[PDB]
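Heads up, what comes next is one protein chain in two forms, each shown on its own as structure tokens, labelled structure 1 and structure 2.
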Structure 1
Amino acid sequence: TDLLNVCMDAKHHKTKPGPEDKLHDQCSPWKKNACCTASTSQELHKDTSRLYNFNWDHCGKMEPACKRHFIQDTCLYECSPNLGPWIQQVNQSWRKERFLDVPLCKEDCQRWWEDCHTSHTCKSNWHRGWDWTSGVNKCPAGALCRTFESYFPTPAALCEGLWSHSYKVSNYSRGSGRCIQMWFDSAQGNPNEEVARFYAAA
């Protein structure tokens, strides 16, 4: 119960979730109850935003169909008040907590992978090892640009590995209430509230 409606202790996160009428674009589905501020939501839509100086186009321009998923993931990461059950203490410099093994809906993972499989990257883990000497992440020594499929032969590889096991792939479907959706419309509420509620009780 102490795992429901909480914000993890990380760089830009608010202390406690609450309404944010002004959440920008892709993050707007979180507007009734968010862990991110309007400002965070607008900045995260920008290329190489000031949140992390992370450049999605480290291997040329990433296709929009692909980039929207990375934006969506960052919406979830910054805004979701429904990941408490997967929050772990990590004592890193830019976050005391992160989430780990969030049961991501199979199809969200599949779609992410399919939409990105033509785009390019130089690394299978995007958390550690970038060349930051320019102030923005660049491909480090030994890292060649390749298709996403090269670094991520399956959707599970992408969803599980790219952010250091933030997610595990869940064998449940999107409306099931047994897996976290990265994409949702929420007109009838945030579907992930029920998911957190369920796993908290296990």
Structure 2
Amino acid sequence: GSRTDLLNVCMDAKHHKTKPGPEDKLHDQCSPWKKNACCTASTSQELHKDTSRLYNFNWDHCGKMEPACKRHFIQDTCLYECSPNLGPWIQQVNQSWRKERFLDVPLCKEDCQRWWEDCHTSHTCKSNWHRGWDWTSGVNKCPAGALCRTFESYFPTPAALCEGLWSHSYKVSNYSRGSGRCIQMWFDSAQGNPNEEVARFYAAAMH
């Protein structure tokens, strides 16, 4: 094989398409991926719906999450579901309907900082959202022992948030947005998808 085999691929998990392709009808925040996506239109619709049971996650576990904060979580979800440029960060986990996950996606420090700043006023009860919720109500709720606190209590720094939230799905890069060496969670599609060249950078040959 070749390192370029990790370019333009979709991870093997849950909703993902088998291979990347255009999706003219991606919804709202996911539309920047419309030219080449690993998500379907339906997935993009459902992830925007706070009460969806097709895409079930309760962002309002500690009262209503501020829109300025929630938008980042939606954006994170669009990148996760739709990106065809995260091949270099795929890791095998081999769970039911979830063969792969992401490991250490090098999120631009500016995207991490802004996410954290915008979520400073909001509340949560957990520093790792990937496991441990009480799901007996039908949606995730704060489990025993987990008190609602300011985001800053559970995530003292932006790195704590981006790296901790989904068990190291991101690793903060100190490169700048548009360096071509860190993944942007937020980008407009006007001038193409800037993460294509980022994947190519990390896929370049050894030595």
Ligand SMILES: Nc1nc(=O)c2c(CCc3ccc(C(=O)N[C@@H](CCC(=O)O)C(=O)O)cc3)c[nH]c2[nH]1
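Counting starts at 1 and follows the sequence of structure 1. Take the two forms, superpose them, and find the largest set of C-alpha atoms that agree within 1.5 Å; that set is the rigid core.
- Working note: structure 1 is the copy from the form solved in complex with the ligand; the remaining copy is not.
- Measuring CA movement between structures 1 and 2 with the rigid core aligned, the set 173, 154, 48, 39 has one residue at 2 Å or more: 48.
- Once the core is aligned between structures 1 and 2, the alpha carbon position of residue 92 differs by 2.0 Å; this is the C-alpha shift at that site.
- On rigid-core superposition between structures 1 and 2, the C-alpha of residue 134 is found to move 1.1 angstrom.
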